[PDB]
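Shown next, in structure tokens, is the structure this report addresses.
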Amino acid sequence: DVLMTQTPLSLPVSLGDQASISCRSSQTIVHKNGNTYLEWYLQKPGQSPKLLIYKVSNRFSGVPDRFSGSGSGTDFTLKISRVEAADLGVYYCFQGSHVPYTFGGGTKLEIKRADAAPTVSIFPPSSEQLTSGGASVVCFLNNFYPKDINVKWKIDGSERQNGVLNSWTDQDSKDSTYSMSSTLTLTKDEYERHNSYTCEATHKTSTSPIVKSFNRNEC
Amino acid sequence: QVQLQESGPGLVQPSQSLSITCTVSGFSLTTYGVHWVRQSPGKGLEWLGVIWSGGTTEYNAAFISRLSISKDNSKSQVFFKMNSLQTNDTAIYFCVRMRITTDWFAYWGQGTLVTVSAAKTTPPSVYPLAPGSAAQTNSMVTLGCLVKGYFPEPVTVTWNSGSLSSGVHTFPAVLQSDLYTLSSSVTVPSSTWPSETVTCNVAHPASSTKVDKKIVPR
Ligand SMILES: N[C@H]1[C@@H](OP(=O)(O)O)O[C@H](CO[C@@H]2O[C@H](CO[C@]3(C(=O)O)C[C@@H](O[C@]4(C(=O)O)C[C@@H](O)[C@@H](O)[C@@H]([C@H](O)CO[C@]5(C(=O)O)C[C@@H](O)[C@@H](O)[C@@H]([C@H](O)CO)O5)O4)[C@@H](O)[C@@H]([C@H](O)CO)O3)[C@@H](OP(=O)(O)O)[C@H](O)[C@H]2N)[C@@H](O)[C@@H]1O
Ligand SMILES: *[C@@H]1O[C@H](CO[C@@H]2O[C@@H](C)[C@@H](O)[C@@H](O)[C@@H]2O)[C@@H](O[C@@H]2O[C@H](CO)[C@@H](O)[C@H](O)[C@H]2NC(C)=O)[C@H](O)[C@H]1NC(C)=O
């Protein structure tokens with residue numbers, strides 16, 4: 001099989017700058033009909049891949065002039081000029097010259113932007129959930145940059161690790177930020193044993209952690 | 001424009017088979033080939049096979065023993081079937097027009113998320129997340145929806161029947177006690193809610209469930 005190797009794995013780029021992405025094939029990829037079926041795809045967050053470049057260097061109808069493909073033999077390159085926020089996602093090369101057709105591993109284009117602190121919100125268990133016997137406490141940490149962040153839960157001042165489930169969004173195409181959800185799940189009975197619930201975020205934008213809290217008895 | 005609409009089951013029992021129909025509009029199956037591709041977090045994008053306009057099929061040698069592609073040109077349908085599915089076949093499967101020479105019909109369908117599991121279909125419980133009754137007020141208020149205890153993926157979350165689309169974060173689901181949970185947040189002006197209603201709508205196609213939960217102040 002033809003092995004397609006992409007580099008880099010991850011590529012941060014400022015708005016307006018040029019991104020360059022490499023794809024190498026383990027052997028030549030000239031179809032018997034003479035065409036070199038090297039294609040470049042972009043997969044935006046939440047979407048299917050979309051064709052950008054076909055037959056090495058041809059822009060697919062409708063694709064902006066900023067995207068250009070080149071190369072020959074076993075060495076291929078995609079260049080994205082004047083990068084826009086909407087260009088983020090995962091770029092893949094593909095060869096369709098020798099069966100089985102194969103894809104590269106992908107290159108994730110990340111947009112650089114100014115640091116932004118998370119907007120932190122905490123939510124006690126809903127009355128509906130408590131009625132069913134459960135108690136999830138939810139914390140959102142939204143629209144921050146850079147992506148690195150830590151969340152800590154405290155119950156009556158003591159750090160709680162067990163029962164926390166975290167989830168992270170891809171980079172946002174509108175504002176180039178990241179978001180995170182952290183959910184502390186307890187039984188109703190455990191939940192009702194304690195009073196103070198705290199979500200603490202540590203991010204490079206603040207010296208001190210960002211704290212949101214509530215007291216179950218003040219509900 | 002081209003559409004490649006897919007139908008078929010999301011949930012397949014281990015060792016059983018996966019059948020997907022791809023209904024093509026916008027070009028003739030008598031003139032263009034259709035490819036099948038899958039995507040997983042572990043193996044990335046894998047090309048599975050192709051059916052050329054005249055009916056010739058080519059398959060990835062890794063799957064040829066258990067993969068079948070066929071079509072009906074007059075109905076504009078392409079049929080994918082794979083046998084003997086195991087847990088490492090969990091993926092999103094796509095019907096695709098790719099590897100183009102001259103045509104304008106390149107298109108990649110929305111795909112069919114296929115989960116290979118003996119676990120049972122279960123609808124979600126949906127809980128509204130309003131700020132705490134003693135929570136302070138800001139110029140923008142964040143609300144949410146907790147979607148808990150469902151199987152399999154996916155769910156679709158919307159806000160105000162899809163009219164409230166900006167300022168939304170719907171987080172990836174996490175699998176715990178053999179069931180998925182996710183949350184969705186939406187941020188709106190404090191001068192809007194609660195005077196203006198905010199409702200999360202959750203659809204879980206596998207259980208045929210559609211639930212609306214109004215976010216009510218506590
Ligand atoms: N010089 C060419 C010429 O020679 P002859 O006219 O003297 O035969 O044509 C040869 C092909 O003969 C015709 O073959 C079709 C049947 O073709 C297929 C099938 O459709 O089932 C497919 C064949 O596979 C190839 C091929 O060997 O030519 C290689 C594939 O990699 C692929 O490249 C396909 C097609 O060309 C792909 O077509 C598309 C596409 O889907 O992307 C669509 C087209 O509209 C067009 O856009 C083309 C592009 O131009 C790229 O080529 O892309 O071709 C092969 O598997 C044969 C199989 O051997 C059984 O024949 O099946 C016959 O059609 P039917 O009447 O419907 O049976 C036709 O009668 C033949 N004349 C070519 O090989 C020579 O190089
Ligand atoms: C994908 O998985 C199959 C199935 O593997 C078996 O079943 C799985 C659910 C899991 O329980 C594994 O531990 C099992 O081995 C792999 O096929 C098996 O491969 C081994 C050789 O490596 C062989 O001894 C088994 O007989 C194979 N079984 C079948 C039904 O083919 C398969 O290799 C995996 N594919 C890849 C690309 O890794």
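Ordering of the structure tokens sets the chain letters (A, B, ...); residue numbers start at 1 within each chain; ligands are numbered from 1 in the order shown.
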
Subject >> Residue neighbourhood region 156-160 of chain A, 12 Å, only C-alpha atoms, exclusion window fewer than 4 positions, as a list in words >> reply: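 Here the qualifying residues turn out to be residues 151, 152, 164, 165, 183, 184, 185, 186, 191, 192, 193, 194, 195, 196, 197, 198, 199, 200, 213, 214, 215 and 216 of chain A.
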
**OP:** Restrict the distance test to only C-alpha atoms, flag each residue of chain A within 9 Å of chain B, and return the flagged residues as a ChimeraX atom specification.
**Re:** /A:35,37-39,47-51,54-55,60-61,92,94-97,99-106,121-129,136,138,140,142,165-169,179-181,183,213-215,218-219

Subject >> Protein and nucleic residues near ligand 2, 6 Å, only C-alpha atoms and all ligand atoms, as number ranges by chain >> reply: B: 86-88

Selection file, N, CA, C and O atoms, as a JSON list (two decimals), in the first residue's frame:
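selection.json was written with the following content:
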[["chain", "number", "residue", "atom", "x", "y", "z"],
["B", 86, "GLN", "N", -16.71, -6.07, 14.26],
["B", 86, "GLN", "CA", -16.19, -6.11, 15.61],
["B", 86, "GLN", "C", -16.00, -4.71, 16.11],
["B", 86, "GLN", "O", -16.20, -3.75, 15.39],
["B", 87, "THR", "N", -15.61, -4.59, 17.37],
["B", 87, "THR", "CA", -15.52, -3.31, 18.04],
["B", 87, "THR", "C", -14.59, -2.32, 17.32],
["B", 87, "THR", "O", -14.87, -1.13, 17.27],
["B", 88, "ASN", "N", -13.52, -2.81, 16.70],
["B", 88, "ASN", "CA", -12.62, -1.93, 15.94],
["B", 88, "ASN", "C", -13.16, -1.47, 14.55],
["B", 88, "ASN", "O", -12.45, -0.81, 13.81]]

Subject >> Cut-off 6 Å, only C-alpha atoms and all ligand atoms, neighbours of ligand 1 as a VMD selection string >> reply: (chain A and resid 33) or (chain B and resid 31 to 33 52 to 56 100 to 102)

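Pairwise distance (CA of residue 145 (chain A), CA of residue 138 (chain B)) equals 21.2 Å.
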
Original post:
How many Å lie between CA of residue 43 (chain A) and CA of residue 5 (chain B), rounded to one decimal?
Top reply: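 Spanning CA of residue 43 (chain A) to CA of residue 5 (chain B) is a straight-line distance of 18.5 Å.
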
Subject >> residue 117 (chain A) environment, 10 Å, only C-alpha atoms, sequence neighbours closer than 5 positions dropped, as a ChimeraX atom specification >> reply: /A:141-146,177,201-206,210

**OP:** Per DSSP on the backbone, filter region 52-212 of chain A down to the residues in helix (DSSP H, G or I) and report them as a list in words.
**Re:** residues 85, 86, 87, 127, 128, 129, 130, 131, 188, 189, 190, 191, 192 and 193 of chain A

Next, write the just-selected residues to a file, as a compact mmCIF listing (two decimals), in the first residue's frame, keeping C-alpha atoms as the atom set.
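Below you can see selection20.txt, which holds the result:
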# COMPACT_ATOMS: atom_id res chain seq x y z
CA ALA A 85 -10.23 31.96 11.26
CA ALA A 86 -12.59 29.83 9.15
CA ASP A 87 -9.59 27.86 7.73
CA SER A 127 -34.78 19.98 40.71
CA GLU A 128 -35.83 17.42 38.04
CA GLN A 129 -32.58 15.46 38.37
CA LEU A 130 -32.75 15.51 42.21
CA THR A 131 -36.30 14.08 41.98
CA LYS A 188 -28.44 12.70 45.72
CA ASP A 189 -27.49 11.36 49.16
CA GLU A 190 -23.77 12.29 48.78
CA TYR A 191 -24.78 15.67 47.36
CA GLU A 192 -27.06 16.39 50.32
CA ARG A 193 -24.26 15.51 52.85

**OP:** Output as a ChimeraX atom specification all residues of chain B that backbone DSSP marks as strand (DSSP E).
**Re:** /B:3-7,11-12,18-25,34-40,44-51,57-59,67-72,77-82,91-97,107-108,112-116,125-129,140-150,156-159,168-170,174-176,179-189,199-204,209-214

Original post:
If we count only C-alpha atoms, what is near residue 201 (chain B) at a cut-off of 6 Å, once residues fewer than 3 positions away on the same chain are taken out, given as a PyMOL selection string?
Top reply: chain B and resi 157-159+211-212

**OP:** Quick one: everything within 7 Å of residue 75 (chain A), counting only C-alpha atoms, minus sequence neighbours fewer than 5 positions away in the same chain. Send it as an NGL selection string.
**Re:** :A and (23-25)

Could those selected residues go to a file with N, CA, C and O atoms, as a PDB file, in the first residue's frame?
ATOM      1  N   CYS A  23       3.036  16.550   2.421  1.00  0.00           N
ATOM      2  CA  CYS A  23       2.557  15.181   2.295  1.00  0.00           C
ATOM      3  C   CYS A  23       3.567  14.430   1.428  1.00  0.00           C
ATOM      4  O   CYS A  23       3.832  14.847   0.307  1.00  0.00           O
ATOM      5  N   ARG A  24       4.129  13.346   1.954  1.00  0.00           N
ATOM      6  CA  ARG A  24       5.042  12.502   1.202  1.00  0.00           C
ATOM      7  C   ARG A  24       4.435  11.132   1.016  1.00  0.00           C
ATOM      8  O   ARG A  24       3.868  10.586   1.952  1.00  0.00           O
ATOM      9  N   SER A  25       4.551  10.595  -0.195  1.00  0.00           N
ATOM     10  CA  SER A  25       4.082   9.255  -0.511  1.00  0.00           C
ATOM     11  C   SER A  25       5.266   8.289  -0.511  1.00  0.00           C
ATOM     12  O   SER A  25       6.376   8.656  -0.880  1.00  0.00           O
TER      13      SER A  25
END

Original post:
Can you list, as a list in words, every protein, DNA or RNA residue that comes within 7 Å of residue 12 (chain A) when you count only C-alpha atoms, leaving out same-chain residues fewer than 4 positions away?
Top reply: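 The residues satisfying every condition are residues 109, 110, 111 and 112 of chain A.
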